Amino acid sequence: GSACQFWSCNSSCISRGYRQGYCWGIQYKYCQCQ
């Protein structure tokens, strides 16, 4: 079970206007998009 499952970031990026989203490899308070 990941510390950040990409689907939650993915839906959070697409709702802003992107097509993809995920967390970084180590340290994060916010997602990465496209």
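One-based numbering along the chain as shown.
In case you wondered, yes, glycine gets a Cβ from its N, Cα and C as well.
As recorded in Swiss-Prot:
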DISULFID  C4-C23  disulfide bond
DISULFID  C9-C31  disulfide bond
DISULFID  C13-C33  disulfide bond
Checklist entry - Per DSSP, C13 (disulfide bond) is which: helix, strand or coil? => result helix
Item to check | Separation of alpha carbons, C31 (disulfide bond) and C13 (disulfide bond) (Å) | outcome: 8
Checklist entry - For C33 (disulfide bond), which residues in the same chain are close in space, meaning a Cβ under 8 Å from its Cβ, but six or more apart along the sequence? => result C9, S12, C13, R16, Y18, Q20, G21
Checklist entry - 10 Å Cβ neighbour count around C23 (disulfide bond)? => result 18
Checklist outcome for this item: Rounded Cα distance, in Å, between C23 (disulfide bond) and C31 (disulfide bond) is 5
Checklist outcome for this item: Excluding its own, the Cβ atoms lying within 10 Å of the Cβ of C9 (disulfide bond) add up to 20
Next on the checklist: If I take the alpha carbons of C4 (disulfide bond) and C31 (disulfide bond), what is the distance between them in whole Å?
Outcome noted: 9
Checklist entry - What kind of secondary structure is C33 (disulfide bond) part of, going by DSSP in three states? => result strand
